[PDB]
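Novice: here come the first chain(s), positioned as in the complex:
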Amino acid sequence: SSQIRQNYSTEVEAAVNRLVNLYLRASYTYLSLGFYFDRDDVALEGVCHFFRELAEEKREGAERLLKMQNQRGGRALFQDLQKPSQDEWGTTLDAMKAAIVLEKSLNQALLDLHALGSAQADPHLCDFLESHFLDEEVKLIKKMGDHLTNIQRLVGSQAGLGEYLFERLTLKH
Amino acid sequence: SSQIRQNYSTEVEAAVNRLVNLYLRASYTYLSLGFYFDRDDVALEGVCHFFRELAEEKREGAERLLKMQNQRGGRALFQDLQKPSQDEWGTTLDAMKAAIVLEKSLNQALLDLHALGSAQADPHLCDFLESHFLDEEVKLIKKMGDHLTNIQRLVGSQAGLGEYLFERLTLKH
C-alpha cells in the first residue's frame, strides 16, 4: 500500500499522472520535430538540435513528476502516448509556432494543477511545481517568443535565406 | 505585441512597473546617502560604503523586476525618479532610521503585490518575489535593526566617539 501518504489527495495524484502523460507526449512531439529537421530535404542542424534538447528536457520533467508522485505515496499510472499532431512540421517558423503552442499548453496544465493543490491545501506540491516547472516554462516560452520574432523578421523577400541564417547564427552550437 | 503573455494581468503588469520605480527611487536615495557620508565635513567611509552597496542592490532589484516583466510579456513603463526626501542626512543614527523606513516601505509594496498576484491567481509572480525579494528584505531589515541598536547603545554621553567607533568597528571593510 503506502505507509507515508499524508495530505495528498486522490485528485492531485490523478492530476500528477495526467501531467506526466502531457510531458511525455511533449517529449515525443519534440523527438518528431528533431528528426524532421534531420531529413536530407530539410537539413537544418541547429533546429534539429534545439528540438532534441527540448525532447530531453520534457522527459526529464516527466521523470521529476514521477519521482515526486512516489515521494508523496501516490501511484504512477501510465497511459498511451498519443503520436504527435503532425508527421511533417513545415518551416522553422511553423515548427517554432507549434512549439510555443505546446509549451503554453503545458504551462496551462501546471497552472490548473497549482489551482487544484491550493484548493486541496497542499503546500508541498505548490512549492514543487514552483520551482522545477513554472519558472522553467516561463523562461522557455520567452526564449521561443524571442526566436519567433527573429524568424519572422528574417522572412523576406527571401524566406530560404532567412531560414538558413537563423539556423547558422542563432541556433547552431 | 506579445506572443507569450499568459495568466499575466494588466493590474500585475502595472504593479510591477510601480515596484521598478520604487526600487530605482530607493537606489537613488542610497546614492545620496552614500555621497553625503563622503563629504569632507562628515567623512565616515564605512557608512558611505554601506549605502553605496545598498544603491547597487536596489538597482539590481529593479533590473530583475524589469527582466521578469519582459519574461511574462508585460511592457516596462518608466516614470520620473523623484529626488530623495533629504539633501542632508544628519547622523549615522538619522541615516540608519531613514534606511529602515525606506526598506519597510519596499517590503510593504512587495506584500501588496503578492496580495495582488494571489488575487489574480498568478503563482509564478508569487514564487518570483519569494525568492529574490521578500527573503532579501527580511534579512536586510534585520541587519539594519541590529545596526540601529548598536548605534543607539553608542550614543552617550559621547555621540562623536560612538559614531566613530561604529564606523570603524562594525561598518568599515
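Specialist: In hand now; what should we look at? Numbering: from 1, shown residues only, chains lettered A, B, ... in the order given.

Novice: list phi and psi for the residue in chain A positioned nearest to chain B.
Specialist: Nearest residue of chain A to chain B: residue A:145, at 3.9 Å (CB to the nearest CB). C-beta: built from backbone N, CA, C; applies to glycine. The phi and psi values for residue A:145, taken as degrees, to the nearest 10, are phi -60, psi -40.

Novice: then residue A:161?
Specialist: According to degrees, to the nearest 10, the main-chain angles of residue A:161 amount to phi -60, psi -50.

Novice: what's the neighbour count on residue A:158?
Specialist: Residues near residue A:158, counting by other CB atoms under 10 Å in any protein chain shown, number 11.

Novice: hmm, I typed the wrong one, I wanted residue A:145.
Specialist: By other CB under 10 Å, neighbour count at residue A:145 equals 20.

Novice: sorry, back to before: who's the closest spatial neighbour of the residue of chain A closest to chain B, skipping the chain neighbours?
Specialist: residue B:4 (3.9 Å; CB to CB, 6 or more residues apart in numbering or on different chains).

Novice: contact partners for the one you found?
Specialist: With contacts defined as CB atoms under 8 Å, 6 or more residues apart in numbering or on different chains, residue B:4 is in contact with A:100, A:141-142, A:144-145, B:72-73.

Novice: the residue of chain A closest to chain B contacts residue B:1, correct?
Specialist: No: assessed by CB atoms under 8 Å, residue A:145 is found out of contact with residue B:1, at 10.5 Å.

Novice: chain B contacts on chain A?
Specialist: A:100, A:104, A:107-108, A:111, A:114-115, A:126-127, A:129-131, A:134-135, A:138-139, A:141-142, A:144-145, A:148-149 (CB under 8 Å from any CB of the partner chain).

Novice: sorry, back to before: now distance to residue A:64 and secondary structure too, for the contacts of residue B:4, in JSON lines please.
Specialist: Putting these into JSON lines (distance: CB to CB, whole Å; DSSP: H, G, I helix; E, B strand; the rest coil) gives the following:
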{"residue": "A:100", "distance to residue A:64": "22", "secondary structure": "helix"}
{"residue": "A:141", "distance to residue A:64": "19", "secondary structure": "helix"}
{"residue": "A:142", "distance to residue A:64": "21", "secondary structure": "helix"}
{"residue": "A:144", "distance to residue A:64": "21", "secondary structure": "helix"}
{"residue": "A:145", "distance to residue A:64": "24", "secondary structure": "helix"}
{"residue": "B:72", "distance to residue A:64": "23", "secondary structure": "helix"}
{"residue": "B:73", "distance to residue A:64": "26", "secondary structure": "coil"}
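
Novice: throw chain C on there as well:
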Amino acid sequence: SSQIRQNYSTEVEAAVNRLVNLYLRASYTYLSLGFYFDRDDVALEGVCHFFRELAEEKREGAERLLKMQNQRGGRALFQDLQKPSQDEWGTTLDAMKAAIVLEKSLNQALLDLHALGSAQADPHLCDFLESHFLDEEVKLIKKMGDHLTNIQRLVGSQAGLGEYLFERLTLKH
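Specialist: So, slotting chain C in with the rest:
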C-alpha cells in the same frame, strides 16, 4: 561646512550638479533602451546589451562627478530624474540615432562646463573632464557613428534581414 574648498566657484559647483543629473538621466534612458530590445516582440540581444553597457558607463560617469564634487568641497544636490523621452524606441536605426543625439548633448554640456571653469580659472576641473569625460565621449560618438553607417548600409531592400545581421555580426558578444 567645508574645510577644504579652494578656487571652486558656486557656479562650477552648480554646473557639476547639473552634469550629474544629465549623466544619470542618460543612464536611465539607456536602461529603457536596453529593456526595450529585450521585449519578446523586439528580441535583439546584441542591441539590448550595447545599451545596458552604456547605462552602466553613464552611471559610472555620474559617480565620478559626485566624487569630484566632494573632493573639491562642493555639495551634491540631486534633482528628479526625468523619465526617458520615449516609451518605445523603434528600430535599431532609430535607437542608435537617439543615442548619438543623447551623447552629443552630454558632450555639449561638458564643453559648456569646460568653458565655465576656464572663465572661473579652475585648472583642476579642466584636467578632470579632460581626462575621464571629453576623450571618452569622442570615442563613444565615433563608435556610434560607425554603427549608424553600418546599420544604414544594411537597410535594403530588406530591413529585417539587415537588422538581424547587424545584431549578430557586429553587436552580439
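
Novice: again for the neighbour count of residue A:145, since chain C is there now?
Specialist: 24.

Novice: which residues does it contact?
Specialist: Residue A:145 neighbours (CB under 8 Å, 6+ apart): A:100, B:2-4, B:73, C:40-41, C:43.

Novice: neighbour-wise, which of those leads?
Specialist: Going by other CB under 10 Å, residue B:4 tops the contacts of residue A:145 with 26 neighbours.

Novice: assumed that one was part of a strand.
Specialist: No: counting by DSSP: H, G, I helix; E, B strand; the rest coil, one finds residue B:4 to be coil, located in no strand.

Novice: picking up where we left off before, between the contacts of residue A:145, which is nearest residue C:9?
Specialist: residue C:43 (49.4 Å; CB to CB).

Novice: my read: the closest one touches residue A:154, true?
Specialist: No: taking contacts as CB under 8 Å, residue C:43 lies outside contact range of residue A:154: 11.6 Å.

Novice: could you pull out the helices in chain A for me?
Specialist: A:10-36, A:45-72, A:92-119, A:123-128, A:136-154, A:159-166 (DSSP state H).

Novice: so which of the contacts of residue A:145 is the closest to residue A:32?
Specialist: Using CB to CB, the contacts of residue A:145 come closest to residue A:32 at residue A:100, 16.3 Å.

Novice: check contacts around the closest residue to the closest one other than its chain neighbours.
Specialist: Among residues not flanking residue A:100 along the chain, residue A:144 sits closest, at 4.8 Å (CB to CB, 6+ apart). Residues near residue A:144 by CB under 8 Å, 6+ apart: A:96, A:99-100, A:103, B:4.

Novice: can you put the helices of chain A in CSV and add distance to residue C:18?
Specialist: Below are the helices of chain A laid out as CSV (distance: least, CB to CB, whole Å):
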stretch, distance to residue C:18
helix A:10-36, 57
helix A:45-72, 50
helix A:92-119, 48
helix A:123-128, 51
helix A:136-154, 39
helix A:159-166, 46
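
Novice: can you say which of those helices is nearest to residue B:48?
Specialist: Closest approach to residue B:48 among these is made by helix A:136-154 (37.7 Å; CB to CB).

Novice: another chain to add, chain D:
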Amino acid sequence: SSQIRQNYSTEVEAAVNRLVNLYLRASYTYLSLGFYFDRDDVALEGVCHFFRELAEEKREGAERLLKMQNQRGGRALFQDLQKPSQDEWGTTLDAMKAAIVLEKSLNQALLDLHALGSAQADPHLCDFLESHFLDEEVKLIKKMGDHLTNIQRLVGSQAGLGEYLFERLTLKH
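Specialist: One more chain to add, chain D, which I have set with the ones above:
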C-alpha cells in the same frame, strides 16, 4: 648654455625654482612633524608615519619639478630651506590643521604658476602640473579634511582617548 630651450620663459623658470623651494620646505616641515610624534612624551606612531610619508611625497614633488626644469632647458637655482614654523606641534588636531594650511599654500602656488604659464602660452608646463601636481594636491587635501573631521568628532569630553583611538583605528598601518 642650453641647446634645447623652446617656449620657456625666464618668468616660468624662476617660478619653477620657487616651487621647488616651497616643496622642499614642505618636506622639511613634515620631517619635523614626523619626529615630533616620535617623541617619548608624544608617542603616536600612526601620526609619525603619516607625516614621514608626506615628507617623502613632497621631496618627490620637488625632484619631479627639478627634472622638468632640466627637460625644458631651465637652470635649477636653490635657496636656503627655512626651518619649519614650529619646534613643537601640539595635538594631532593642531598638526593636521597646520598640514592643511601648508597643502593649501602649495596648491595656491601651483595655481599661481598655472596662471603664469597660460599667460606665457606654455601648454607643456600646463599639462605637467596637471597631472603630477594639481590632482595630487586635491586628493591629499580631501584626505586631510576627512581626517580633521574625524579628529574633531573624537575630541570630547575625553581628548586623550579620542587622540589614541584616531591613531590606532585610522592612521596606524
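
Novice: again for the contacts of residue B:4, since chain D is there now?
Specialist: Contacts of residue B:4 (CB under 8 Å, 6+ apart): A:100, A:141-142, A:144-145, B:72-73, C:40.

Novice: next one: residue A:32
Specialist: A:84, A:86-87, A:89.

Novice: now swap in residue A:165 and tell me
Specialist: Contacts for residue A:165 (CB under 8 Å, 6+ apart) come out as A:154, C:161, C:164-165.

Novice: which one of these is nearest chain D?
Specialist: Among the contacts of residue A:165, residue C:165 lies closest to chain D (CB to the nearest CB), at 44.2 Å.

Novice: and the gap between that closest one and residue A:157?
Specialist: Distance of residue C:165 to residue A:157, computed by CB to CB, to the nearest Å: 13 Å.

Novice: same check, this time on residue A:84
Specialist: 31 Å.

Novice: and stretch A:74-88, which residues are buried?
Specialist: A:74, A:84 (16 or more other CB atoms under 10 Å in any protein chain shown).

Novice: ok, now stretch A:104-123?
Specialist: Within stretch A:104-123, the residues that count as buried by 16+ other CB under 10 Å are A:104, A:106-107, A:109-111, A:113-114, A:116-117, A:120, A:122.

Novice: where does residue A:41 fall, phi/psi-wise?
Specialist: phi -90, psi 10.

Novice: please read the previous query as pertaining to residue A:91.
Specialist: Dihedral angles (degrees, to the nearest 10) for residue A:91: phi -90, psi 170.

Novice: which one is it nearest to, not counting chain neighbours?
Specialist: residue A:163 (6.5 Å).

Novice: what about that neighbour, distance to chain D?
Specialist: 58 Å (CB to the nearest CB, to the nearest Å).

Novice: so that residue is in contact with residue A:44, correct?
Specialist: Yes: assessed by CB under 8 Å, residue A:163 is found in contact with residue A:44 at 7.1 Å.

Novice: these two: who's more crowded?
Specialist: Remark: of residue A:163 and residue A:44, residue A:44 carries more neighbours, 22 against 18, as counted by other CB under 10 Å.

Novice: contacting residues around the more buried one?
Specialist: A:37, A:92, A:163-164, A:167, A:171.
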